[PDB]
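Down below is the structure, laid out as structure tokens.
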Amino acid sequence: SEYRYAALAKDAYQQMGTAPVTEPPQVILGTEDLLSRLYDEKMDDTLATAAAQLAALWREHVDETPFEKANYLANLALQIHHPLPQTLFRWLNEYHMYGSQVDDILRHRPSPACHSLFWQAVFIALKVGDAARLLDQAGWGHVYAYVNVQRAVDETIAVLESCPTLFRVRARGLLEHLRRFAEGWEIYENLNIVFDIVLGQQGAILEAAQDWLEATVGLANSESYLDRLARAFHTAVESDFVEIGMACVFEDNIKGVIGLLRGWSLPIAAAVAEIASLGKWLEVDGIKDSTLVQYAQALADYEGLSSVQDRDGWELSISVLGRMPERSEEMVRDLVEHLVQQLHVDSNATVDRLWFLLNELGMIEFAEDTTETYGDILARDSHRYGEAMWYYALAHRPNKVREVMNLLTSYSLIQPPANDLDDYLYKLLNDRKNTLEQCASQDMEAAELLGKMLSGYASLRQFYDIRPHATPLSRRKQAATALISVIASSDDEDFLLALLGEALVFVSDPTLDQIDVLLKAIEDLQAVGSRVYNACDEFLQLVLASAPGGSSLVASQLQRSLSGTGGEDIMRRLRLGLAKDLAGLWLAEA
Amino acid sequence: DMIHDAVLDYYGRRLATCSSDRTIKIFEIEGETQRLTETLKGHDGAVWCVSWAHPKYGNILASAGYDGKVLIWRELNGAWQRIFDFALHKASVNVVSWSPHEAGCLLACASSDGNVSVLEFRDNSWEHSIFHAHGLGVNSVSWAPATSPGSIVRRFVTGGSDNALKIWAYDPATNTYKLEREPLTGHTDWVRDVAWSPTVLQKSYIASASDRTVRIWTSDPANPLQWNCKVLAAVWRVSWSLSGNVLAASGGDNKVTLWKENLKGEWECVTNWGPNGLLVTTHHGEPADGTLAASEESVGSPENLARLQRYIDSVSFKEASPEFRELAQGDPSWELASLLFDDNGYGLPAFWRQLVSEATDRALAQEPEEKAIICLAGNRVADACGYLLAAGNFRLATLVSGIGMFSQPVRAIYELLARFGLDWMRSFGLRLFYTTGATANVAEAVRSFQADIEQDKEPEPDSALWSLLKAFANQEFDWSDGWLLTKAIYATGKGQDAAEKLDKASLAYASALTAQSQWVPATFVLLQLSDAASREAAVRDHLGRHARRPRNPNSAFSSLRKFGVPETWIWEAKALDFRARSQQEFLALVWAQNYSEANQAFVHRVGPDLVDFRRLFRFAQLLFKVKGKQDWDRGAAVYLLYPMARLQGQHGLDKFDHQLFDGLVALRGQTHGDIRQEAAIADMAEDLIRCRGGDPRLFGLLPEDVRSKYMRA
Amino acid sequence: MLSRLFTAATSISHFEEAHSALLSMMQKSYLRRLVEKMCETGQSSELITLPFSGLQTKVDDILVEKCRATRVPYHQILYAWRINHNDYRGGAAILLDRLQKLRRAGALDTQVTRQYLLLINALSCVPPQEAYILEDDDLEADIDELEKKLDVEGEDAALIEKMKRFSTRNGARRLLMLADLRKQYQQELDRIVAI
């Protein structure tokens, strides 16, 4: 009949609802236990930690009611899943009634004389052997006349104190003592039926039926369970609805229990399911996306108090999101995108945490689009730069990083301070070794390779900052020519001609190796084509006009070079000038 | 990997390659020997079509890019130099056709923007002539050869993206290009390419490729028409071929469809493509290296070439006539065809009798009787009557009665006494010997045989004797079978009207013999055309490419002169080739007695060759002996007046030294953008500064300034 | 033997006076010696000081004559370029080309590539129409025969008589251009890339 109770339960939590009544610590401890049980994937330890979670639930109950009932269902389920009759008798102490039996027996132990409510307490008592030990020393003496009874009772207790393969031997010895006692008022019948209860016969256990669960316990597999319930509900004891809930917990229908717990306020339902998916086996779809939507929509509004460690937020939501089935990414995409729709905010903590979460699984593309669109967020007008440039650097897209670099050095050529003063805070990566060593700790193959693209503008701005005696000036010039040469190799890049022109004016206008490299650069620039020369010259024409802002003589010489009446001359000055520098420097024999 | 065009040079020795990645590669082809040499670069978009120049104007290339710019390349002293750039097209320039050397040095450009500009080559630098084209764009252009013979030293058709073509003609009245006659709606879809036939004939053939249909307009002195063959991928590029008037069509089918012309009127068939048939009789494909040799398929010509050479050596003696028994010799075809016109006059049943006398000898073997019938199929009936005298009893009495006027032998003998029964090469002769005699007719036997084979299967396949004996009755043309006996058949009996088609067949056989690694017989057969201008031009250009591959000794030149070719075109063409190859190269044309103005313009080559005095003195003596025609002899004698001042050394002016100074100055002023010439005259000027005063003839800034600053000190 | 003592007695310091001794002198063949000393000691100093161009021609031919010795550590040729950088850029390029030809007929990268680079440097330094560089059968019988063949066919007579007189009086340069060496360098780089 358990299937009928299951079907009735299915129509029970259908009229119920869902409500996140719980406080933050319950949720935190819950998802902590869950993540501790999921990241571990020798399962007894998980059961122990689960029991610890249960202890935390009981603690939350004492400190303080759907929480109560659903906690009872959780405890019961986890105890069934786990000596099944031993743990059943262990849960017998804590009742699911109107009163109690334990406190009744404890207050029944001492007595001046034998009470009339004694034998029924014997029926209830059947810690069992210890309870029979008090029956061994009952005292008797109630009007009475011996002719014995003491020997028979002592025998029954001696047999009862045998155990608490061997159980069959115990039963055989029991039957033997039954024959022995039958071969030899109220006492006789009482001892008889008590003995029948100790036996395990159905005619004795079904007799003492104060409660349905009480008779259920009094009776190593789930089939034995189903048999126990098939013989419990057949009698007239139980009540119809919570009771159906436990009736399903006991039954093989675990799913309906999860549904009922979902009908309860607690999100612990999910947790139960999370334990039901690691041990047990087998409106919208199943009960994996339901808990998903429930939890995700629950934490969507709740921030919670600050824990020992940070929990920005949106951490538990994703941690349970990708804790399902392998269709988790289908929901991760949706929720992360929903976060992207509201990502438009100058806050690095949210994106950092979100990245920390998305990088905890096999989902790199989502974090990629996240940091990329965050770089798109920090496009703005002209601030943050290197922060933004770093949020371009991370998660691939190196062409975009080179684009930001190009825009930056272009802005340097137009004015060459460029990134100065407060903008240093946007970079602040003054060290080229320490910074990369402290940044590649997260992602080596990303931060190191993308960080190796920063040397150019760094040493260039260094050269701009420089302009110890006269020789470090030549060292700075050598570094500058080296950098220009580095950004001159990418041609066989449009802002190159202006740079090479400034350095051109700086060198000579009436080492050694650098001269040859510059000459090779001019050679590799004077034979490009019509594509990458018109843009370079156009850029050079847009450089001489200083709108957003040594170099003065350069700008004056160039302004007098392109003056007309109404670019190649610069290179001619390069040829003449470097030919002079070779007429002088190259003749340095010793 | 994405090549859009590959153009062979005038000789077929240097391959020009364009590409899509802005790279113009230059290869050196010597058969299978692929030698990469030089690479050029400097365009915005993809390069569409390159085009070689005529060697008379030097090695010049014409490149058209996707950007719309047109780069004209040219090599200078063994090195390539980018000279001129013409950019006047809003869209990409698809194709650029090269002008013929008889019409100067022009250059037609075709772009899909709405105009087609022709680029004239001024002595110094470019002159441009702008015309207007189709509104929907233009993707094709091709030059038309005029009527003039000239080697050393005008219309053009424009294709359309507006589903039409046009024909431009030169017009000096307005110094532009007038449209005399417009063609109408050749296709339905945009025309992909148009190509003009380089072959000189009575008519001009135009190829038009688009809707997967192809038009071939035959432009006689009237309105041309075509027969569009529904061949159905799209056809993009079509290249003509001066190797039998061949027409190569190329579209997207991983193959090139070659088209030849039949006398009936139909043409028999033998991402980008861009093929170009080399004038050295070779087809170039675009895999990327293509070199497919295309020629007519027939029985080996070495024997026929021997007979042909035997004909030339026995006819060409003075300054012609095609005979029969004078060049018959060994081949049975000539001897048979000669007496075939006469109705069995020269013993027709005797020659075939000898033929089966040499054929039936293999049929009488292993034949145990049956050999009687097998010999009866043969001409002689003596051995047949003998074998039928051996056995068969009285059957002989019938057989001998047939040579005077329940069994297969009896049936065959009876049938032959009055079907063929079996098949052989002697079948027609057998039918000829036993269907005639009653009237002694030959035409009746041939006609009856023709009807019989018209009602039979597998009869007389692929034979020369077929056309030979079929030519008797209904004297016309049938199929291909040497062209000497054809002209011989044209002289006496017969194929009326199609004389110009005989011209085209002789041109086809001329180019066929020209593609068989031969020039001299090709030169002879090309000299045997109907028109004068056609023969002259064809022989001229052919001798160009022939002498390109021809020395003074007899073994070659006397073989080229025995044909009757004048000593003017040969040497002129040879030197035309030698131009692209030296200063002593023009000496050939100098003593060729065919130089005239070329000898006067040879000083341009004598210039950079002074780098050495006695030689120049001798050449200048040769130019001194020839005081003929601009003919600026006073300014040309400067080269002779230079070693005079060089050997003079300071005792007084020559009273002609000022004349060579004035000539050197006039030359230095007239000499345009030629750095070699300017440097030469500058050097030879500095040479006579240390000798005499040398007040004029100062050129360069540095040498003049510093040397004058040192001499005045 | 005296010239050695003369050049030793020159003792060139900041003079501006020995030039007068140069313009006062019969044979200035001893100049080559003092210059040689000036080349043996600290160099480039003679680049710095120059009396006149007409006098500089002599020392130019002197150092050039010291370059043809093919004396590798070429030394003077480099110097010979430097002076020829002040004036005669073309000659500097030419001598550097001769230099490349000497080095090519006897590491190689740093010398050849730099030589060609400086060559195109001097190439663009010099305006067009001035890239001129020196850089040092049985056909004539037909010429004479056909000459005698056409002369029978055909104050000027005095010019012909003179021409005959100079005919009785009767009995190695290259042409390095712009695109010539510009292509030569590309060919050298192509040959180096084919290694």
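Checking the cross-link pairs A:520/C:37; A:580/C:183; B:178/B:627; A:400/C:183; A:452/A:477 against a 31 Å limit on the alpha carbon distance flags A:520/C:37; B:178/B:627; A:400/C:183 as lying beyond it. Averaged over the residues of B:26-39, the number of partner chain Cβ atoms lying within 10 Å of the residue Cβ comes to 1. From the residues C:139, A:79, A:308, which one has its Cα farthest along the dipole of the protein assembly as shown in the positive direction, the dipole being from +1 and -1 charges on Cβ of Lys/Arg and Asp/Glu about the Cα centre? Positive-end residue among those listed: C:139.
Which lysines, on any chain, are close to residue A:288 with Cα under 18 Å apart, when same-chain ones fewer than 8 places away are left out? Partners found: A:10, A:255, A:280.
Cross-link pairs exceeding 21 Å in C-alpha to C-alpha distance, out of B:264/B:487; B:230/B:264; B:25/B:90; B:166/B:501; B:56/C:148, comprise B:25/B:90; B:166/B:501; B:56/C:148. Ordering B:20-28, B:168-176 by mean Cβ neighbour count within 10 Å, with the highest value first, yields B:20-28, B:168-176. Reducing the stretch B:641-677 and the stretch A:454-473 to their Cα centroids gives an inter-centroid distance of 60 Å.
The simple spin-label model puts a point 7 Å past each Cα toward its Cβ; for residue C:1 and residue B:262 those points are separated by 10.7 nm. By the helix-only formula, in which each DSSP H run with n ≥ 4 contributes -39500 (n - 2.57) and the sum is divided by residues, the protein assembly as shown has a 222 nm mean residue ellipticity of -14500 deg cm²/dmol. Can you work out the FRET efficiency for the pair residue A:240 and residue A:185, with r the C-beta to C-beta distance and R0 = 35 Å, to the nearest 0.05? Once the sixth-power term is evaluated, E becomes 0.25.
Can you give the convex hull volume of the alpha carbon atoms of the stretch B:302-491 per residue, in Å³?
Details: hull volume 27.4 nm³, N = 190.
With only Cα atoms used, the stretch B:302-491 gives 144 Å³ per residue.
Taking a straight Cα-Cα cut-off under 28 Å and skipping sequence neighbours fewer than 8 places away in the same chain, the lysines within cross-link reach of residue B:371 are B:457. Taking each residue of C:52-62 in turn, how many C-beta atoms of other protein chains fall within 10 Å of its C-beta, and what is the average? For peptide C:52-62, the averaged partner shielding equals 3.
Between the stretch B:312-387 and the stretch C:95-163, the alpha-carbon centres lie 72 Å apart. Each of C:30, C:55, C:80 was placed along the dipole of the stretch C:28-87 (beta-carbon charges, centred on the mean Cα), and the one lying farthest toward the positive end is C:30. Highest mean packing comes first when the peptides A:288-301, A:15-28 are listed by Cβ atoms within 10 Å, giving A:288-301, A:15-28.
Considering only C-alpha atoms, what is the centroid distance from the stretch A:136-210 to the stretch B:518-552, in Å? After rounding, the separation between the Cα centres reads 138 Å. Would you mind computing the Rg to Rh ratio of chain A from its alpha-carbon coordinates, Kirkwood style for Rh? Value, to two decimals: 1.31.
In this rough spin-label picture, where each label sits 7 Å from Cα along the Cβ direction, the residue A:133-residue A:58 distance is 2.4 nm.
The mean number of partner chain beta-carbon atoms within 10 angstrom of a residue's beta-carbon across peptide C:114-124 is 6. Note on chain A: with charges restricted to the Cβ of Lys and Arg (+1) and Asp and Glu (-1), its dipole about the Cα centre is near 940 debye. Partners of residue B:709 within straight-line reach, counting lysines whose Cα lies under 16 Å from its Cα and excluding those fewer than 8 residues away in the same chain: C:58.
As a convention, Cβ positions derive from the backbone with ideal geometry for all residues, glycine included, and neighbour counts pool all protein chains shown. We did not get these values from a lab; they are worked out from the coordinates using the rules stated.
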